[PDB]
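Colleague: Shown below is the structure under consideration.
Values in this text are rule-based calculations from the coordinates and carry no lab data. Please note: Cβ atoms are built from the backbone with ideal geometry, for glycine as well, and neighbour counts cover all protein chains shown.
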Amino acid sequence: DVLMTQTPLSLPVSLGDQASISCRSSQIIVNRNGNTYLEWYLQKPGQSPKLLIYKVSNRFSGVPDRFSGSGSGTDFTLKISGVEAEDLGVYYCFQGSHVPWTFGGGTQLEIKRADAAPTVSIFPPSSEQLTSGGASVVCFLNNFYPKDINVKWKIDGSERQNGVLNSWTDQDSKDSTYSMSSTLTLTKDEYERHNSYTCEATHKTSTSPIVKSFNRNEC
Amino acid sequence: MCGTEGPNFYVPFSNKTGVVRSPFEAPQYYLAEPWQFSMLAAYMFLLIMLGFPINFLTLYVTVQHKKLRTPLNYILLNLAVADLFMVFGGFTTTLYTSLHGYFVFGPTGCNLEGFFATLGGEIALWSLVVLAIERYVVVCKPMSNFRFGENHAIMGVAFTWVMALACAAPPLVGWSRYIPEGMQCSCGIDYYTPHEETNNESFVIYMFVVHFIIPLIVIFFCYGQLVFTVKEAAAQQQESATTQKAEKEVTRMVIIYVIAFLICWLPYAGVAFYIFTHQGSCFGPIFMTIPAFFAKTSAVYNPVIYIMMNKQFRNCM
Amino acid sequence: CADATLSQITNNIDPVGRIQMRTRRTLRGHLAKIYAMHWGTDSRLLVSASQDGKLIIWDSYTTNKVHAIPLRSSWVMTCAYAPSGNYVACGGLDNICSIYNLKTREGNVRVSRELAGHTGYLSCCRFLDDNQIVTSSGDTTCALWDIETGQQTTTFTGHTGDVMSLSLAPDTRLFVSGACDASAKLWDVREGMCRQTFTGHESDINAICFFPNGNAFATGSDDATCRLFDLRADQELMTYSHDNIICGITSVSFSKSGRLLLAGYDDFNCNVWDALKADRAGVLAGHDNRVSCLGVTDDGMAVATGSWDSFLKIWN
Amino acid sequence: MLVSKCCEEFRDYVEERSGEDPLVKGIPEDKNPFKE
Amino acid sequence: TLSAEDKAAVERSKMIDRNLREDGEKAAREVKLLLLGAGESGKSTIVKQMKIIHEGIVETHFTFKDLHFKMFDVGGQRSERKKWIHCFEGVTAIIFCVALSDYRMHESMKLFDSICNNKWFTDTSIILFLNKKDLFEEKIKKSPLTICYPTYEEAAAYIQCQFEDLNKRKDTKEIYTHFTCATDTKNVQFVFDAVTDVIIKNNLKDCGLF
Amino acid sequence: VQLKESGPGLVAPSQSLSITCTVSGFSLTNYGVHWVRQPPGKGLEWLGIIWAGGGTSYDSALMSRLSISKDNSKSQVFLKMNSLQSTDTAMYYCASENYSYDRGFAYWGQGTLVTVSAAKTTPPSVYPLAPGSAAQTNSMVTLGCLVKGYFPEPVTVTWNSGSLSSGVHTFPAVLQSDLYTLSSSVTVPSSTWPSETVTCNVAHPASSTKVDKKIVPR
């Protein structure tokens, strides 16, 4: 019933910087044949985990040499020598000595960059859904960094947040920015009661909120 | 006018032209055109890629499956070993010499090659002799009240190694000599010149008696009596279908064995025998290119005849 | 009560992994097919029975033969070694069991007793001491004899089929025997009545042997499924089977601690299983025919295997 | 009898003395009585 | 004393090896057969005929034409034979005596199937010793084989067919049919040709051709 | 060495799940195979392992409902898991164990999402989202697709059949009455659209609905 508690929980790391990820089990673990099994798995968001270090310190074939595996007793550490775009993901330390075997809690490694203002665009309702009897107003908040962001929908100056459907994205590998969904789906008549809609966003890059609106009277 | 006499060698090719050289030195392209050594070497490589496969694979299979490890199979394991000697002492060093035109490893490498080659060939010969003797005693039942067990199989194998060394080793101590014969890429017994220091006359007669007349007489007598017996039995039980079948098959196999043995050895046998009774002679390329090639390839076509047709190796091919 | 399975109980135990046993000996000299074996308590002397009418007593350490007995009859299929090393026994389809004394006359050998009277073939005969012996008869009955008197001092009834094999408890007070009824039966050797019976098998129990603690045994079937039974459970605890080969099991025996259980098949091999987790711990290969019997030394240092190949192999 | 108790005594009897395994002390010619 | 015991052990191992070699050659020279057949089917009568020709288990032994023969008769043995009774693997042939008029045919078919289930007894010569052949021929005139199974040539054809249906080894398995005959002149030569054929077939099979 | 998994994407609650992870590149009798599931957006959980010789070791919680069996000849290992619940919605991974690397799981299965729900396979709906006259006044004009009312996961939305890779924004599906809605986006200048063809590829293999939409003005 050993638990792998991993630290640090989430640590921003610049490109090329070195990072230390150490995990210490709830109990001292050594296999009865004299070995100790700590294995470090890097998992991209939504993918299968990939092994980095087998047998505490040995790199597997194909594992980049920029990963350094070491540690003894209850302390184990993976060190990164050069951080590239492929370093984004979650890192788990795994023990294979005492069953049931357990994974680490995962470390959120993120890539820093210079601040960039979010891109806000609005979309007119699609003609096909208009034919089917629906109309969904779509607003996209693209490439805001860091995660800090606030969502507000305005309908001809009327505050609206009920019925708003939002989704959040992970930090991209190529651009290393956060994006968030803001789509409002409602009935035909409720969409028809108003002629314009306002999409209000709050971000740190500008003290003035970015605003976007579109006209229903134009297709 | 007859052949080229050397100290450490004897080349069966006349020096009256002044062309001949040592077989350890110059590529021998005045013995035969380089197209001839090209096809020769390629054909030798072919026989490498058939002989070493079968003969090594037999041992490997015997290692993997210990079911084949029975007393009766010992003389075939011996045969395989013999032919691998023929593979390395013969085919590999022939590759490394015919690629050049002349024998590279010195007269000491000549002794090593001649020894391991002749040892393999003689082990194969007596492996076939032992198989014939064993099958003769078991089926024909010549000896009154006798058995053939593992004691006899061990004595038989040991006897094949004793006799093989009793033939291959004397040229290493001073009774005949290993020299390049034929196309001068392969070293073998000096059967074609006289040399009182090495007692060639006594060695050839020794060869002729223990390793020719006795083996041919035993194989001919035994298989003749066996065929007579099987024919007589088939004659008497006219209505037994399976017996007529068995008759035909045994006779087929006996005929295969005899023809295999004649193809394998009567080239060398006839050449050596006519050398023996016709001391007044001198032979040319036609004969230096038929028995060493054709006789040596028996290292190929005895594994075919006795391994491939055997249904446990047809099931391995 | 099969409330769980052994693998569930031993879940927190790691496998021993690939067990690698080496060949230490190759006992050659037998002329015909070997059918039985038994270790002496000294782990040095062993007895082998072959159809050539021969019972040979070999010294394991020095690889040399110590005794060689020509039997009366060539149908021997069982042999046992006295714990004190003073006696040997042989027998088979001839319904007669011949017992020889060793430490009375040396060099030569004497047939101290011949047990005749059985109505069924002898499939297994086992010593208890220097004066008692249990024989397996295929008439659905077994027999306990006193060697000095030569009589069926006790008869074992309860099986409904031809008895193939038996094995004594390590303390030699209880023995389990299997017959053609696809059932195994536990017996007290002095009491000889069917206490517990185990059914479910599709064919004859071709193999049976005891666990070193004398609390469990194994069975071999024709469908290549070795089975582990407990004396008190009255039901199987583990099944060790391979589907791809349909040859039956011939003999079983356990390692000294019992972590490892040996069982040979007609597929020319024997499989040794991690008895705790049903894991195929290792494979013993090398016999030139089907395996006929095998055993472990009482001190457990090495295992001996006798097969139809007429050779015994010792593994460490 | 109940199988689980048999399983537990089985496991204890193994783990108490499973040490005769050559994977424990190795395969040495020196202390092996069955050597050449 | 230990060194003396070591040398004595080496010497006794050697002379035991010699004894085992000589015993093995002597035993392999003699040929054993297991005699079988239905109870009182004519096994004893054939035994008397063979004794005339040549001169719970029971043993018989004799010598003829330089070869030593020995047959053992199992007799009473209450066991499931069809399962494992094949432990006599290695015999030159399997001999069975049938009293022809005493038939049972389904039991014989089952026994044949049990023999066929053994791969080397699928390729093993089977000898049938037919006793009471005159009685069989006399009763078969008005009581055909339908007495046991609810024209001569075709009827024997389907008989051989249903015998051979499970047999896939026509080449390596031949039925050697013998009758009871007092005339020794034909008996000796036919015994000789039977043994000649069977040993030649066994040797050719040992040769590994097919 | 490759491990390939195949299984039913949607399974009714309390039924039996049969997952096959056909292995390659190694002898199945000499290596272990693992089972690990990952619920959406959570850390990994351990299920069990079958060892080289056929022995089994499971997670202490899941012996009773998990069954690992294999056919060594076909290089096929089968997971029989009974009494499924909604929490079983996860990407189930088969992971190899190499003894020579001493308990290191070199290779993991690609994973197959298994859904425990009563909803039926519903084909996806596609709508082209081109900016309107009020929304076309930006220096950069955004294009995308909305997928409303599909089931089950996943829909792999590729832009120009995967040839257009710059600026692709796919959003994770959002729970809406057990009907899942995801979105898509591109970042393209006014020169890219409508001058150059951009098509919207919606791939939903469950119903095999494949739609390619050239983006047109509203």
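Colleague: Considering all alpha-carbon pairs of the protein assembly as shown, what whole percent are spaced by more than 64 angstrom?
Modeller: 36
Colleague: Taking the Cα atoms only, what angle lies between the long axis of helix B:74-85 and the longest principal axis of chain B, rounded to 10 degrees?
Modeller: Compared with the principal axis, the helix lies near 20 degrees.
Colleague: Quick test of your reading: applying the under-4.7 Å Cβ rule, which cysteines of chain B are isolated?
Modeller: Here B:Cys140, B:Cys167, B:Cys185, B:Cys222, B:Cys264, B:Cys316 come out as lacking a disulfide-compatible partner, given the Cβ-Cβ threshold of under 4.7 Å.
Colleague: Moving on. Is it possible to state the helix-based mean residue ellipticity at 222 nm for chain A, with each DSSP H run of 4+ residues giving -39500 (n - 2.57), the sum divided by total residues, to the nearest 500 deg cm²/dmol? What is it?
Modeller: Value at 222 nm, helices only, nearest 500: -1000 deg cm²/dmol.
Colleague: Expressed as cubic angstrom per residue, what is the convex hull volume of the alpha carbon set of the stretch E:30-197?
Modeller: 138
Colleague: When E:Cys116, C:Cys194 are ordered from fewest to most other Cβ atoms inside 10 Å of their Cβ, what list results?
Modeller: Starting with the residue having the fewest Cβ neighbours, the order is C:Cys194, E:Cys116.
Colleague: So which trypsin sites (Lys or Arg not before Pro) in the stretch A:121-219 are both in a DSSP loop and have at most 15 other Cβ atoms within 10 Å of their Cβ?
Modeller: Answer in residue order: A:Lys147, A:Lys174, A:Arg193, A:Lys204.
Colleague: Still on this structure: Once every DSSP H run of n ≥ 4 in chain B is given -39500 (n - 2.57) and the sum is divided by its residues, what mean residue ellipticity at 222 nm do you get, rounded to the nearest 500 deg cm²/dmol?
Modeller: My calculation for chain B gives -19500 deg cm²/dmol from helical runs alone.
Colleague: I've got another one for you. On alpha-carbon atoms, Rg over Rh for the stretch A:119-215 using Kirkwood Rh?
Modeller: 1.00
Colleague: Let me ask something else about it. How shielded is F:196-207 by partner chains, expressed as the average number of their Cβ atoms within 10 Å of its Cβ atoms?
Modeller: Across F:196-207, the average partner-chain Cβ count within 10 Å equals 0.
Colleague: Right, something else. Over chain C, one equal point on each Cα, no solvent: what is log10 I(q)/I(0) by the Debye formula at q = 0.06 Å⁻¹?
Modeller: -0.18
Colleague: Further, regarding this structure: Determine the distance separating the Cα centre of the stretch A:57-87 from the Cα centre of the stretch E:69-143; give it in Å without decimals.
Modeller: 77
Colleague: If the elastic network links every pair of Cα atoms under 10 Å, which of B:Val104, B:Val173, B:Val230 fluctuates the most in the Gaussian network model of chain B?
Modeller: B:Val173
Colleague: Let me ask another. Contact order normalised by length for the stretch F:2-116, with contacts defined as Cα pairs under 8 Å and 6 or more residues apart; what percent is it?
Modeller: 35
Colleague: As an exercise, identify the GluC sites (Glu not before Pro) in the stretch A:79-172 lying in DSSP coil whose Cβ has no more than 16 other Cβ atoms within 10 Å.
Modeller: Answer by residue number: A:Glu84.
Colleague: In the stretch F:58-105, what chymotrypsin sites (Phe, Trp or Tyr not before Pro) fall in a loop by DSSP, with at most 15 other Cβ atoms inside 10 Å?
Modeller: Sites meeting the loop and neighbour criteria: F:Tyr99.
Colleague: Next up: Run the simple label-point estimate for A:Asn31 and B:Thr193 please: 7 Å along Cα→C-beta, distance reported in nm.
Modeller: Calculated label separation equals 6.9 nm.
Colleague: Suppose a student asked you for the relative contact order of chain F, using Cα pairs under 8 Å spaced at least 6 residues apart; what percent would you report?
Modeller: Dividing the mean separation by the residue count of chain F yields 18 percent.
Colleague: For the stretch C:235-263 and the stretch A:102-177, what is the centre-to-centre distance using only Cα atoms, to the nearest Å?
Modeller: 63
Colleague: Please report, in whole Å, how far the alpha carbons of the stretch A:4-111 spread along each principal axis, starting with the longest.
Modeller: 41, 25, 24
Colleague: Of the candidates A:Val90, A:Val99, A:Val137, which one comes out as most mobile in a Gaussian network treatment of chain A with C-alpha springs shorter than 10 Å?
Modeller: Between A:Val90, A:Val99, A:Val137, it is A:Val99 that shows the largest mean-square fluctuation.
Colleague: Something else now. Sort B:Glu150, C:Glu148 so the one with the fewest other Cβ atoms within 10 Å of its own Cβ comes first.
Modeller: Listing B:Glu150, C:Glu148 from fewest to most nearby Cβ atoms yields C:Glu148, B:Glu150.
Colleague: Based solely on its DSSP helices, what 222 nm [θ] is calculated for chain E when runs of n ≥ 4 H residues each add -39,500 (n - 2.57) and the sum is averaged over all residues, nearest 500 deg cm²/dmol?
Modeller: For chain E, the value works out to -15500 deg cm²/dmol.
Colleague: Calculate the spin-label point distance for A:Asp189 paired with E:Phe136, positioning each point 7 Å from the Cα along the beta-carbon direction, and give it in nanometres.
Modeller: The two pseudo-label positions are separated by 10.3 nm.
Colleague: Something else now. Which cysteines does chain A leave without a neighbouring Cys Cβ under 4.7 Å?
Modeller: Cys with no partner Cβ under 4.7 Å: A:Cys219.
Colleague: What average number of partner chain Cβ atoms lie no more than 10 Å from the Cβ of the residues making up C:271-281?
Modeller: That average works out to 5.
Colleague: Report relative contact order for chain A in percent, whole number only (criteria: Cα-Cα under 8 Å, sequence separation at least 6).
Modeller: 18
Colleague: Between the stretch F:67-142 and the stretch C:264-294, what is the separation of their alpha carbon centroids in Å?
Modeller: When both Cα centres are located, 42 Å separates them.
Colleague: Still on this structure, please answer the following. Inside 10 Å of the C-beta atoms of C:61-68, what's the mean count of C-beta atoms belonging to other chains?
Modeller: 5
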